[PDB]
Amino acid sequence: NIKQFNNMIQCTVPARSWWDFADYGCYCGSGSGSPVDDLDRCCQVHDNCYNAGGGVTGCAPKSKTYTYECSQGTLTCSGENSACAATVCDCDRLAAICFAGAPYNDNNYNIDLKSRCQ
């Protein structure tokens, strides 16, 4: 779920909190417009991954609790995860991994969406 994703994010980017991504670019937060950078892209895909998992049955990303592990910046989803948990978990770890590698631009945080995300 999102609670586990928030923490996944910290595993790979301990120097930051999920909040730095809560309101970044045109996607890290909800969804709309043209990506702003690599980071803002990591978020586009993540959401896509989620709506793809919503296609799994009775699968709710933000709410299904999965079994994962964090070991010194590296994430691992465990095997005992149901088809839904495993898909979501992966979505989240790939997003987390994508965030750590992308550049963080202060200029693209807290932006006026009504002017950059149409």
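When you see a residue number, it is the position in the sequence shown, counting from 1.
Selected stretch [higher average CA B-factor]: 46 to 54 or 66 to 74: Of 66 to 74 and 46 to 54, the stretch with the higher C-alpha B-factor average is 46 to 54.
CA B-factor placement of residue 90, once the chain's modelled residues are sorted into thirds: Within its chain, residue 90 is a lowest-third residue by C-alpha B-factor, going by the deposited values.
Third assignment of residue 1 from its chain's C-alpha B-factors: Ranked within chain, residue 1 CA B lands in the middle tercile.
Residue 113 by Cα B-factor - lowest, middle or highest third of the modelled chain: Its C-alpha B-factor belongs to the middle third of this chain's values.
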